[PDB]
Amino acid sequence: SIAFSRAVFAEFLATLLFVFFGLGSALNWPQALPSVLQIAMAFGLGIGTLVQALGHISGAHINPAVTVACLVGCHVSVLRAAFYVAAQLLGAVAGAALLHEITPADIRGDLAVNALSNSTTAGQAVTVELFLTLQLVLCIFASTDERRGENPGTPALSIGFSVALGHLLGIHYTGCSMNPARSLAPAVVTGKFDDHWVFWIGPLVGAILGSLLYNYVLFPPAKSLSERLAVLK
């Protein structure tokens, strides 16, 4: 019960730091405007650092889509999943509110809200988000799969570079979400809810798809005591 509180607090603090660093590096700085690689790197090294710092404490999900993928995959409970999602949404909004406070009003702008970009339709955008989140979930699962042992070698860096990879494509379409908490945080703070469902449906469907594809298509477990049913039939 104490260990669970430490895990929920870690999930809160991780999303707080991720959103604070992520959005802050993505803001329109007039003296030196951030590049697609620079932003991809900020979110990428953000996740990679927090997985390194907090992975052994909570699993370092830092994303409700990842927690949901984990609910379908990891032997996690619906109780832990709810407490994690709630901690991530609270941590994210706290990170976006904290950043607002420390950033001068002139720069703040859209506070790096997820917005449909380059005349992309919501239907085209929801499809990108699905694939952006699918590849992250595939990588996260492979990097943390206990059956693999110490073989992944670089889980934090791999997971981090997967977030960066998502951003190198995603930025052009939606500003890149892959995370419902990262989307809700600046949307709640700076009132902007433009096609918000895309940043929820996309990541969540992509995460569930990736979780089902990994755990039951690509690398499923061996047959359980359900084989006794096939013997009885």
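Sequential numbering from 1, following the sequence displayed.
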*So which stretch wins on mean C-alpha B-factor, 73-81 or 136-144?*
73-81
*Stretch exceeding the other in mean C-alpha B-factor - 152-160, 85-93*: 85-93
*From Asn28, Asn63, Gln38, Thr49, residue of greatest CA B-factor*: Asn28
*When you compare the CA B-factors of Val189, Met178, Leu54, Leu165 as listed in the entry, which one comes out on top?*
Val189
*Classify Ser211 as lowest, middle or highest third according to the C-alpha B-factor given in the PDB entry, relative to its own chain.*
lowest
_Per the entry's values, where does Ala222 land by CA temperature factor relative to the rest of its chain, in the lowest, middle or highest third?_
highest
*CA B-factor ranking of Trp197, expressed as a third of its chain*: highest
_For the chain shown, is the CA B-factor of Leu33 in the lowest, middle or highest third of its modelled residues?_
highest
